[PDB]
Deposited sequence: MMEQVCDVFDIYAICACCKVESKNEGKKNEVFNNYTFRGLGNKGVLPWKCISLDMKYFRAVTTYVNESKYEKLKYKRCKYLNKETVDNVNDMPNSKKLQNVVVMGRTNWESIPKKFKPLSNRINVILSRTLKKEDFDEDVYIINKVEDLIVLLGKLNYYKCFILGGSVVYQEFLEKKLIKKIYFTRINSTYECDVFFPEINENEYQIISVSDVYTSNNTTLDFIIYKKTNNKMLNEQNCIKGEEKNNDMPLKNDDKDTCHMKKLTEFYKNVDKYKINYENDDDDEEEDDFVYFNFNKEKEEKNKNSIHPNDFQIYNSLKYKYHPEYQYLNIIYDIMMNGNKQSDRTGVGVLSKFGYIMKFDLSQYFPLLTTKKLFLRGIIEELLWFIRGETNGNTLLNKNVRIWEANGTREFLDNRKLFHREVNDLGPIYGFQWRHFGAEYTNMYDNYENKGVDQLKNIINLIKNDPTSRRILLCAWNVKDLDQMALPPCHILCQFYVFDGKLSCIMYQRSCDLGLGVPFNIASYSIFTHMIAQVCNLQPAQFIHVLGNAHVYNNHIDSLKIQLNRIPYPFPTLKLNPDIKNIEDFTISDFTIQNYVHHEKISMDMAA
């Protein structure tokens, strides 16, 4: 029977980053600078902190007192609040207008303070706790306090805010030992005061029956997903991707492939990412975006020339443009790397007769990109703001038919959302890039129409995991996401055709190690 369990002693803290980088939990360590917080107010962390440290559940107290008494070999302890323990320097950095911390029993560790309790050794806290009625006990820091409370093994859980930005710091949270503590929960990702952040939790290592009745009809070893399955709360939006992989692995249909690879597949999924709060660049592996952005730029120019991409070493379309690949598609009369009437051609020239990749198509066919931008600007409540690449007439002349069938747009209260329907979804290699690409695009349309981006919504049709990706995705599922990065566009660009590679910046991308999916 350990003290921290008896007295419900917990740590709570907020850690920023500090000035081929490798990332780990320790990336998030920064606590303070010059007696104060490294950052200007991050008001969302403040609200979380207040609510965690003040929250009490009276009905649960009877049971805690019991345990505490039986431990201290007593029969009695002799409006419920929590205890909060601050180091002296910590207590001095708090604006006086906020001291003592409201609705909490304030305890201060100090050797040089004299009488809101003061105490001058840790063991004196245990004593004080044995003589109080309190719900739980929260160690609020600073650095010295966490250090000693942690080495003395006095901490049941760590409520750890990850501030995904870099500050100058002079004091650090200690390195949490992964054999001592493991993460059991991860929150939604949020933006506050110009940074992303998330909240994670380390742990020390009648109607009921009716529910059963309604359930009366209901080569992967899930034990391999130890970390995945041991998490309790999985609210980080990256879990929308990871959970689909889990689902396909566990419940997928075995089917054969043109490459003889084999897939597990399922049909019909939705993911939704809130672009006002973050940029959903997967963090459970490394992803690179230069190629993805050039591809989008090449679509917007309405290009179908694969050489343009190849000469910038963007090799996404290379295999689809070879002599052999075109001949197998019966495009015997197509030049190498002429991909035919694919996305760019359909976005700007839908319905025009395709000749070759060098022809001049200006003012030929339907310029649906211009059309949707005008509809957003002039008739935002239109339900016909669609951009469609599936030209049934032209499919057989494409190097391959589009995987990204259409985008539809929705405008409410100055904000833009986008649904993209994908007929075919390689969860392991394709879908991560695909989410990035259409999130970028959503931002680009929003900016040129003076709107703010809201949600990117991804509908997956035939959704598959290649059998040669399974071992890699197993490794990936047992990694814990980090808070997402942010995308910044150059704010000067007000025309969809005016963006260049230099107008795009990913900020604060923290990621696990790259994985060769094969």
Could you give the ranges of the deposited sequence that carry no C-alpha coordinates? 1-2, 22-28, 88-96, 134-139, 230-284, 298-305, 606-608
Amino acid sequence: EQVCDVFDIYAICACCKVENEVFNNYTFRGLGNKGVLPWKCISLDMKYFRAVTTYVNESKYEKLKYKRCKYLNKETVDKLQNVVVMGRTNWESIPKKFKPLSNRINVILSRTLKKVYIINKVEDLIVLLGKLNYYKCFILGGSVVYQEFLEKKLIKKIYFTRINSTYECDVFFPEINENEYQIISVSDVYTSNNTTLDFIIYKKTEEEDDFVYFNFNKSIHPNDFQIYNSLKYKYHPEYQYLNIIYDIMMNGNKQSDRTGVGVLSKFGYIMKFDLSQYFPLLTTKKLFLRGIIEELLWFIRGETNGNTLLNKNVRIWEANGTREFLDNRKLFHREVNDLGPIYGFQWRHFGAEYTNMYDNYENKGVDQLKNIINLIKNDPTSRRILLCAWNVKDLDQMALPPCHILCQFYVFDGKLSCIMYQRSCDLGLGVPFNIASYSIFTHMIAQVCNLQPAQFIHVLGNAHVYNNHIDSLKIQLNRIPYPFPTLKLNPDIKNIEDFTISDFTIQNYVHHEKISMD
From here on, numbers count along this sequence of modelled residues.
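Superpose the two forms; the largest set of C-alphas matching within 1.5 Å is the rigid core.
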Which of these two stretches, 220-228 or 373-381, has the larger RMS Cα offset in 9 other deposited structures of this protein when the rigid core is kept aligned? 220-228
Do the Cα atoms of 96-104 or of 393-401 sit farther, on average, from the shown structure in 9 other deposited structures of this protein when the rigid core is superposed? 96-104
For the other entries of this protein included in the comparison (both sides of the residue modelled), is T76 absent in a third of them or more? yes
Take the C-alpha B-factors listed in the entry for 175-183 and for 352-360, compute each mean, and give the stretch with the larger one. 175-183
Between 427-435 and 139-147, point out the one with the higher average CA B-factor as the PDB entry records it. 139-147
Reading the B-factor column for Cα atoms of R162, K79, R329, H236, the highest value belongs to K79
Residue with highest C-alpha B-factor in the PDB entry, from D492, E62, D471, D45: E62
What third of the chain, by the recorded C-alpha B-factor, contains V459? lowest
CA B-factor placement of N378, once the chain's modelled residues are sorted into thirds: middle
B-factor third for the C-alpha atom of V465 within its chain: lowest
Place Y410 in the lowest, middle or highest third of its chain's C-alpha B-factors, as listed in the PDB entry. lowest
Chain-relative CA temperature factor third for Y202: middle
